[PDB]
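Shown here is one chain on its own, the form deposited in one PDB entry, set out as structure tokens.
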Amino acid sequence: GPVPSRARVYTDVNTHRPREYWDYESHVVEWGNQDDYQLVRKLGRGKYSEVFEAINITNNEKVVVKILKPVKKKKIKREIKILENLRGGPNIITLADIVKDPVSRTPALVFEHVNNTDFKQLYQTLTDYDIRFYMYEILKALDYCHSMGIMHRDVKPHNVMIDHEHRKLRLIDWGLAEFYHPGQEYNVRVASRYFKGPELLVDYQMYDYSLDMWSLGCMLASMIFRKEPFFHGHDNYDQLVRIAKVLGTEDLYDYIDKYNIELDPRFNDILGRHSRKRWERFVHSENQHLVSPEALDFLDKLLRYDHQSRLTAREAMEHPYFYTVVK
């Protein structure tokens, strides 16, 4: 059976915590007053909620209200407890209140307002310096949550809200996030296709914080190369093929062999044999102003098949890539 794995950082942070901290099933929600909030416009509907701009009539401040869909009941206190544990952390969206919605008969999460410009629009615009700046800001959020014993598990451009006027960033949508417990097996049906780590794509359940660094790597490749998404598979199987076209099949085998994992035999007629490519292969006239030797080396160090070999958030913030960014 599979060889076990553990995180190389913050391995035991929840084992030394009081039970209250990670046992979200036992959490008692503190409900505020639903009358304080007035919905103004619908912003989006996801798998698991509907999201509104709203106004808080006790301070007239703009807020965001997320009304949960009545499904997968356990996710609900998990998300609340994670948001309460991380509140006040660098670049972590601030849960301001929780109220009972009388129409949906579910919890509605009330957050601080962020005035995001659209990722597709905003990616078209980032300068070299701005990619580095914003990458550092996200790393702050990820190191904070990882050091608090939590993995986000859905890092992607849609979940990283940016107010480009005020140069301010928030990591949102903690509904897939989980507590890291050494040796725990996790569901591999997390993150969105283009951002799933190789561990997910080969059905390896004993993963950790390092999943988020694979996703961050995919976001970085998409920005510096100006190709959205960078690994563009048709489904979860083709997703691994597209990765193996860049990383190579020999290092994929080395990975699965290390953890004594077998690929789904459905890979037998689709995977082929591929060499590992040099990252320069993806550079052209239209993206070259976004690329540098430091950018390519930092990317190379995030996008590893072996989750254990990837830079930690802390180590990524140390990287030469960020030397040009003002502290």
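We call the rigid core whatever largest set of C-alpha positions still superposes within 1.5 Å between the two forms. Start at 1 and count along the sequence shown; that's the residue number.
The same protein also has a form deposited in another entry, omitted here; what follows describes it.
For the set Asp203, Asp238, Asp118, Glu250, a Cα shift of at least 2 angstroms between the shown form and the other one, after rigid core superposition, holds for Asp118 and for no other residue.
Shown in the overlay between the shown form and the other one, fitted on the rigid core, is a CA shift at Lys72 of 2 Å or greater.
In the core-superposed comparison between the shown form and the other one, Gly46 has its Cα shifted by at least 2 Å. Relative to the superposed rigid core, the position of the CA of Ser104 differs between the shown form and the other one by 2 Å or more. Compared with the form shown here, the Cα atoms of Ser104 and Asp173 move at least 3 Å farther apart in the other entry. The gap between the Cα atoms of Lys47 and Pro198 is larger in the other entry, by no less than 3 Å, than in this form.
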